[PDB]
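These notes concern the structure reproduced below.
Every residue, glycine among them, receives a Cβ derived from its backbone with ideal geometry; neighbour counts consider all protein chains shown. FYI, it's all coordinate maths here, none of it is from the lab.
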Amino acid sequence: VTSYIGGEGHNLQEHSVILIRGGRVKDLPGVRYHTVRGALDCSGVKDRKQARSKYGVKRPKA
Amino acid sequence: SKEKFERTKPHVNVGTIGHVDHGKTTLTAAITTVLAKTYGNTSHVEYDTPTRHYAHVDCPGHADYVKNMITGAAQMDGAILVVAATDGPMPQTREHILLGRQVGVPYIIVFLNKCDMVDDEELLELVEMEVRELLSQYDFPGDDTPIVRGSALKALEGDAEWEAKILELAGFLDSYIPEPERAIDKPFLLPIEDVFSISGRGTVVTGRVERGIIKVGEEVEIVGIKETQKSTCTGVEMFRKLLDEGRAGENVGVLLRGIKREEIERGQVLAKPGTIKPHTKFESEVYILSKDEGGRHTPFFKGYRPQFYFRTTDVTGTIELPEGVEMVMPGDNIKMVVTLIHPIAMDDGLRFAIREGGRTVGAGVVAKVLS
Amino acid sequence: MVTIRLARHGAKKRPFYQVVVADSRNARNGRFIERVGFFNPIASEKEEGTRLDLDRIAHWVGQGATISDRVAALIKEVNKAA
Amino acid sequence: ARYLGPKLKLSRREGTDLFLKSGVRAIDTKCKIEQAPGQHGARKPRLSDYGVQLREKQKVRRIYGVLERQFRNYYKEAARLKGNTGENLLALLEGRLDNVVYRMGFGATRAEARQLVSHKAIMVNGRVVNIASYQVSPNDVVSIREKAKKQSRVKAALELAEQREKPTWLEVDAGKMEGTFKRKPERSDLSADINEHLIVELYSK
Amino acid sequence: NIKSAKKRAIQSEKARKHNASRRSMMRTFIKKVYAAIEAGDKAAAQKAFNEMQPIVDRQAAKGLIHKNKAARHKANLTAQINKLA
RNA sequence: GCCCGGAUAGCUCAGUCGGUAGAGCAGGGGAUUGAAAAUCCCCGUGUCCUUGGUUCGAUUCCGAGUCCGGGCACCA
RNA sequence: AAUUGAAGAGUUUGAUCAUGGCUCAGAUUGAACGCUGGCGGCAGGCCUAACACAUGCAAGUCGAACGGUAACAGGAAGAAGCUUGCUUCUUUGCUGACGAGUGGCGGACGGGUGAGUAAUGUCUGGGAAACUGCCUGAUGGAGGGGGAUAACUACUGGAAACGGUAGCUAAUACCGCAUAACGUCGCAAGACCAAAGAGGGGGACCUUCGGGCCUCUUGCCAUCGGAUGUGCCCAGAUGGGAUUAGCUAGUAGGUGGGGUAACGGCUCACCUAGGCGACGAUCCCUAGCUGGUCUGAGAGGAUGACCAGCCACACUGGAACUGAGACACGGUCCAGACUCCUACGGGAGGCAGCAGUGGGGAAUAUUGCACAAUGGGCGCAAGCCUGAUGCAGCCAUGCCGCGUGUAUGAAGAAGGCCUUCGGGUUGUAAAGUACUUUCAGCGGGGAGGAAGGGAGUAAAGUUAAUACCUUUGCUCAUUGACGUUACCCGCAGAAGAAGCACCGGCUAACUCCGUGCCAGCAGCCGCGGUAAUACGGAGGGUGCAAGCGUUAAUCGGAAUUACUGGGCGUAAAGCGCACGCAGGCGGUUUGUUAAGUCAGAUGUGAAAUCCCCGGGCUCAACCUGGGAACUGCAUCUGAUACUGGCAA
Ligand SMILES: C/C=C\C=C\[C@@H]1O[C@](O)([C@H](CC)C(=O)NC/C=C/C=C(\C)[C@@H](OC)[C@@H](C)[C@@H]2O[C@H](/C=C/C=C/C=C(\C)C(=O)c3c(O)cc[nH]c3=O)[C@H](O)[C@@H]2O)[C@H](O)[C@H](O)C1(C)C
Ligand SMILES: Nc1nc2c(ncn2[C@@H]2O[C@H](COP(=O)(O)OP(=O)(O)O)[C@@H](O)[C@H]2O)c(=O)[nH]1
Ligand SMILES: [Mg+2]
Ligand SMILES: [Mg+2]
Ligand SMILES: [Mg+2]
Ligand SMILES: [Mg+2]
Ligand SMILES: [Mg+2]
Ligand SMILES: [Mg+2]
Ligand SMILES: [Mg+2]
Ligand SMILES: [Mg+2]
Ligand SMILES: [Mg+2]
Ligand SMILES: [Mg+2]
Ligand SMILES: [Mg+2]
Ligand SMILES: [Mg+2]
Ligand SMILES: [Mg+2]
Ligand SMILES: [Mg+2]
Ligand SMILES: [Mg+2]
Ligand SMILES: [Mg+2]
Ligand SMILES: [Mg+2]
Ligand SMILES: [Mg+2]
Ligand SMILES: [Mg+2]
Ligand SMILES: [Mg+2]
Ligand SMILES: [Mg+2]
Ligand SMILES: [Mg+2]
Ligand SMILES: [Mg+2]
Ligand SMILES: [Mg+2]
Ligand SMILES: [Mg+2]
Ligand SMILES: [Mg+2]
Ligand SMILES: [Mg+2]
Ligand SMILES: [Mg+2]
Ligand SMILES: [Mg+2]
Ligand SMILES: [Mg+2]
Ligand SMILES: [Mg+2]
Ligand SMILES: [Mg+2]
Ligand SMILES: [Mg+2]
Ligand SMILES: [Mg+2]
Ligand SMILES: [Mg+2]
Ligand SMILES: [Mg+2]
Ligand SMILES: [Mg+2]
Ligand SMILES: [Mg+2]
Ligand SMILES: [Mg+2]
Ligand SMILES: [Mg+2]
């Protein structure tokens, strides 16, 4: 497959095992999948606040 | 796992620290073959004598292993400096002695190995004096420390003379090293130093119990690198023997339930839930070592990334110096705030060694928790 | 061997037996010929306690069906004169 | 479970008076009712059919303190019943013990009644009950236990109920806090303002 | 597999021994009869049938034969030896 | 746990066997436009994986490390 | 009383109207993942590898079948000390009993899994050519003999596993013989066919003192039954593929012989050449089936996890043996692959039992406690056995309940955010003040699941008998794993307990700042090109709440597979035209038949589940009683208009 890496910025490179959910992007034909940000080797987006259940960010510890 | 380990004769850790191919292992086998006769990776051999219950850990002496040997010599109470009477002091010898001083092992017994190799009362005695002085070199008692001699191979056969000599070796063991103090009071905490996967049982963490007890079935929290996971004990062990309450001060093998082999790496701790919190930033009263201390010899500033060895494993860390200070001169007492990449369970006042460049750099203690 | 026996059903910690004729080899909550009344141990004293269709039972007694100890106790409890 | 937030903002959102801060004192005017839902409360909503439906359902829920789930359960329970769904839903919402207790005057607001019932002050038919969702069967007798009888709050909280319309479907002893639930309330008794029609609509889709 | 109730194995073999032997002798008397039939000696046939009847009923009673097989042998075997006799 | 590799601007890479980092392709700035592309006029815009060392001076020599790949080891 | 029930929206265009897809609003789940996470109740928890499995346990029991006695406890001949009856202590099956052993029974049940299976299965309804241990009804029998062998001793083989030869012995083991009928064969005559005894108590009598005799209990053998269970047979129904049209030689039938509990190409011998197929045979792919579950106004569509019935499998392939029942999960033999043991000569293994491990995977639990309850095995019973079952641990996996406080509280504060800087808003929110304590924390009380069974006693039966025995009252002693139970009472203090998604339209809810077709968002339509209600942050609001989202999946909406309920001049769509077999359909009058059709009746349509009315857990979920429902199928007696068959 060829999943779309969402959020802003990513730690993915070369290999690195990730996690793949469904969902097209409707802008990149051929891409019908998403990456589960925050799950496995794919860290969550840095410094997010709203809608952090997606993108995998934990509740602001501060 | 079948025979119950009866709790008699105080437990004591004791491992060799000699030069490569000086007969450390032959010795660590000889002691057992002798005591198991007349009395009827790091290999942890065991031998029980009427006076004490010793747990010899024979760590490989090569240079590439001066990292895991740290931990192996950390839980150790009194090392057996096995120095060959044919070569005396050597690079690795001094490396371990120095390391066995930075780790801070209280007591030490010198054993001139392979003495039958030479037939002289002046050459062997000479190198003996050499060793006694080299001990004085590192603030060890030196002249006070006993110097046993004898072959480790002859202790393998039936040469009653050398078997007797190494039997008395055990006498010097029980005499020179007193009953150790334990920490059976404050909440239980065990640093992992070796992870196994026994078939039909699962993951088995090992290591000396830093404090407290481990009654089988108690709720435990695995805290350290990566994150944090809950678990419960299921059968504590003692050299392939069963245990009830895993007391403090001795090496054990806890079988953690519901944990995979790859999800509990070496470095984490089995702390009682609510007793500790993992951290990635802390202030510490760092004491830099000089050339007379064997540490660094040149100044450094922010950006310097040395190792911060703790209960077992080390971890690279970012150094941030307090304002009013430009650079850190070697041999100074200065505090600083550190941010290590891998989170490690720690509290205030925790002792630790800042090693770097294949050599130690500066001892320190944790001042304040931040994370 | 046909036998009359309680079938243990109902909730957890809240047993509700259903006396029933069934082959002895059958699973407890398994196959059966016909249920014949019920027993309610935790019912206490109220509108109901233990129903039991004596006619069919009597049909199976002369049919060779061995009544189990509990069900026998119930046959006693429903009596024939009380 | 419970809402336990600003129990007066909701009253502003619904624009009417949910009697949430019905309180001991009478009429509020201590919140700028109606024309102040929030920062953009001055806005006049276009208000879509859905909008009025949802708005209605919420009004009613905020009245009786019932959440969405339990509510929808009440709905399915109303549809499976006889009569007509509209009367049903409100009769079942009326059946809740915290609601009946509230009607008796045993407590100022409805949430007060809830906090009373939950801490074993309420005893119906001699059988003490905690659950507010307990549906009070017709011809029951709700009361207050002696160990919690006339304990400060309940007194004044019952003095309050004297100004209320007071239901004809239930009665109160007033002399020893020994009330008596009777018939199932007629539709033309409660409400006559909250619209069951729109609620029936909302779950019909 | 290790199981104390393995006595069923050694006993079932110790049983197939005897039972097999009996089953054998029976079917061999039956054979004797069939040969009598093929020879055409209706007299010696009747004789052999008389010689086998009690030993088939006797083994049929012992559960070795289901006394259907016994009646079956007695049935058709008689139909033959008397169809010729 | 250990040994051996790979990590040079946005992307793909040349660059050494210490002397002061380039190549192509992209991207930025001014003109033009609603904003672009084309067109014109100008620019590397880089923690040579991080840090330390030996050096006057290290991408380039020697340690310790992180991330990855590969090999060996790992039954209280 | 018992289904009172069917909603639409966005998007093709400059706009419309159609057509036509796409998408959303619902319900659902054995779900996973992200964030957050207090409690209780009831359920659920390896859907991928029928992958490989360390270790423990999952099936034993009967001394009232027997010879025994290896332990243990009592008793006795005798023994040694010494307080000579207080102790030491060898013999002794003689009792209580009970390893190993023979024998009986069970081990074919219970538990698991769904690989194989497109019918050798399942479901529905009938059927005849059967058997059926245990349980039970009826009627008789139960006479008299023998020979073996395990154990056990002697010796000896093998490392173990595991025997070998030679002796001794018992029985409800084994075996003739007597004995027989409404039993088996036969037309009958006639022929033949079985077995076991043990335990309790006992007056006379009889004792070579082994006991005979009496009696109750139980087991034994035969037959006919009953019930139950199983085998078998037929019809209908039970996935997709014609880009699979022919397949079949034990094949289709017959006759005879054998074979099975039983019919039968079930199997041979010969004979006839048939049999199946366009109402889809064969071949291919996929699949356990059903009651049901989900959805739906219904018809339908998807599914069949838990619960229950059936079927199939037990490392792989094959085979039989024992038995009432297997061609057998924790049996046997054989081969094979795979693991381990060895003294290398040979042996051991089968977790799709419960836990557990590795591996796979997005993904699924304790190497728990107990037989106290229900059920099973065995036994006279006591008891034993039981990973069935009952509980407990675990996981928000789901449903349901509750809590996280209530009332008062304007200075309408601080801070935050916004502004036309006048103010607003967060906001009765907070602090303040007054009460409250559920739920967790702590300390006390405390149900119910327990019925039985044992000891004793009186009575009525039994009987030669006030003895034993069976039954019923009646007394004492008692039986709980859950379990520091539910539940109540007391203690302290608001005290320990709120998140998640969203805010352009669909869709409930808006602004400010940061960025500038970049970074990003996106279910659809789409936003971002320096004034973004669409990105990121903040403020505010909305939704839901111990959860909230996302993803995957099914149905709905979708009358977009239309049977109910669509189309085909131009939107997708009349074969280029004809002839025509099978198939479908068929004018009109009379007769008959009654196939369809309809009416009635009876049988069945397992229980649960769904629905309705009640009952019980404080409510709910859940449990539960009765009822209706199970839209079906079959036989039976009618009707005869309409259709079909036959007739004129
Ligand atoms: C360092 C390795 C493991 C240590 C781990 C940690 O050690 C500790 O931090 C430990 C606490 C005692 C600790 O501090 N160790 C961390 C550091 C500790 C430093 C301490 C003690 C100092 O004293 C101030 C220490 C130098 C002091 O000098 C004396 C020795 C001088 C020798 C000089 C040799 C020199 C020049 C030399 O030529 C030389 C050589 O031969 C070989 C190699 N290279 C050299 O160059 C004596 O030996 C004293 O010990 C804790 O025990 C932790 O719990 C720990 C176990 C995590
Ligand atoms: N001849 C002799 N050799 C000895 C004696 N003791 C030890 N050795 C040698 O030491 C070696 C074993 O030591 P080893 O375990 O390799 O050293 P380590 O690994 O550094 O402990 C053997 O090769 C022996 O030959 C002795 O007494 N006599
Ligand atoms: Mg070595
Ligand atoms: Mg809820
Ligand atoms: Mg347009
Ligand atoms: Mg067992
Ligand atoms: Mg005596
Ligand atoms: Mg025995
Ligand atoms: Mg005799
Ligand atoms: Mg016999
Ligand atoms: Mg006859
Ligand atoms: Mg024939
Ligand atoms: Mg025949
Ligand atoms: Mg399959
Ligand atoms: Mg397997
Ligand atoms: Mg047989
Ligand atoms: Mg079996
Ligand atoms: Mg097995
Ligand atoms: Mg298992
Ligand atoms: Mg039991
Ligand atoms: Mg302000
Ligand atoms: Mg409590
Ligand atoms: Mg009771
Ligand atoms: Mg009782
Ligand atoms: Mg009780
Ligand atoms: Mg009693
Ligand atoms: Mg709107
Ligand atoms: Mg968004
Ligand atoms: Mg802006
Ligand atoms: Mg925004
Ligand atoms: Mg449809
Ligand atoms: Mg159409
Ligand atoms: Mg067209
Ligand atoms: Mg035409
Ligand atoms: Mg025609
Ligand atoms: Mg006609
Ligand atoms: Mg008809
Ligand atoms: Mg039914
Ligand atoms: Mg109720
Ligand atoms: Mg009915
Ligand atoms: Mg007609
Ligand atoms: Mg006609």
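Of note:
- Subset of D:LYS7/D:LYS149; D:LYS76/D:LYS205; A:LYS54/D:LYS205; D:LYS30/D:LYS57 violating a 19 Å alpha-carbon distance limit: D:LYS7/D:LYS149; A:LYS54/D:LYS205; D:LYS30/D:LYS57
- The protein assembly as shown shape via C-alpha gyration tensor axes, a/c threshold 1.5: oblate
- Tail fraction, Cα-Cα pairs, the range B:9-180, threshold 28 Å, whole percent: 14 percent
- For A:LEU28 and D:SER48, a Förster radius of 30 Å and the Cβ-Cβ distance give a FRET efficiency of 0.30, rounded to the nearest 0.05.
- Base-10 log of normalised Debye intensity for chain E (one unit scatterer per alpha-carbon) at q = 0.17, 0.21 Å⁻¹: -0.70, -0.93
- Efficiency of FRET between D:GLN35 and D:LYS205 - r from beta-carbon atoms, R0 22 angstrom, step 0.05: 0.10
- Working from the Cα coordinates of the range B:148-296, the gyration tensor eigenvalues give, after taking √(5λ), semi-axes of 35, 25, 16 Å in decreasing order.
- Contact order, relative form, for the range D:1-79: 32 percent (alpha carbon pairs under 8 Å, 6 or more residues apart, mean separation divided by residue count).
- A crude spin-label estimate for the pair B:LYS241 and E:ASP57, with each label 7 Å from Cα along the Cβ direction, gives 7.8 nm.
- Rg/Rh (Cα only; Kirkwood hydrodynamic radius) as it applies to the range D:1-73: 0.98
- Point-to-point label distance, D:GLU77-E:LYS47, nm (Cα→Cβ direction, 7 Å offset): 9.8 nm
- Taking the centroid of alpha carbons for each part, the range B:172-217 and the range B:313-370 are 27 Å apart.
- Think of it as helices only: each DSSP H run of n ≥ 4 in the protein assembly as shown is worth -39500 (n - 2.57), and spread over all residues that comes to -9000 deg cm²/dmol at 222 nm.
- A cut-off of 5 Å between modelled amide H atoms, ignoring neighbours fewer than 5 places along the same chain, links B:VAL252 with B:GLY207, B:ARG208, B:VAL209.
- Mean separation of Cα contacts under 8 Å, 6 or more apart, over the residue count of the range D:20-120: relative contact order %: 28 percent
- Above 38 Å, the calculated P(r) of chain B contains 22 percent of its Cα-Cα pairs.
- For the protein assembly as shown, the dipole from Cβ point charges (+1 on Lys and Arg, -1 on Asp and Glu) about the Cα centre works out to 8340 debye, to the nearest 20.
- Prolate/oblate/rounded label for the range D:151-205 (Cα gyration tensor, a/c 1.5): prolate
- Here's the list of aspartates and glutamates a cross-link from D:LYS9 could span, going by alpha-carbon distance under 13 Å and ignoring same-chain residues fewer than 8 apart: D:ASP17, D:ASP28, D:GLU34.
- The range B:271-353: translational diffusion in µm²/s, Stokes-Einstein, Kirkwood Rh over Cα pairs, 10 °C, 1.306 mPa s: 116 µm²/s
- Taking N as the residue count of chain C, its C-alpha radius of gyration divided by 2.2 N^0.38 Å amounts to 1.07.
- Globularity ratio of chain D, using Cα Rg and 2.2 N^0.38 Å: 1.05
- Pair-distance profile P(r), taking every C-alpha pair of the range D:87-205, with 10 angstrom steps and integer %: 14, 46, 29, 9, 2
- HN-Hα J in Hz across the range B:158-164 - Karplus 6.51, -1.76, 1.60, θ = phi - 60°, x for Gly and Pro: x, 5, 3, 5, 6, 4, 6
- Amide H contacts of D:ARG96: D:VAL136, each under 5 Å away and 5 or more positions distant or on a separate chain (H built 1.01 Å from N in the peptide plane; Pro and chain starts excluded).
- Farthest toward positive dipole pole in the range B:231-370 [+1 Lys/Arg, -1 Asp/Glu at C-beta], among B:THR313, B:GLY303, B:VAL338: B:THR313
- Between B:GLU262 and B:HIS297, the distance separating the two model label sites (each 7 Å from Cα on the Cα→Cβ line) works out to 4.5 nm.
- Residues B:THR339 and A:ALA39, FRET efficiency given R0 of 30 Å [Cβ-Cβ distance, rounded to 0.05]: 0.75
- Cut-off 17 Å (backbone N to label point 7 Å along Cα→Cβ of E:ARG22), residues of the range E:51-85: E:52-71
- Relative contact order, whole percent, for chain D stands at 21, derived from Cα pairs under 8 Å and 6 or more residues apart.
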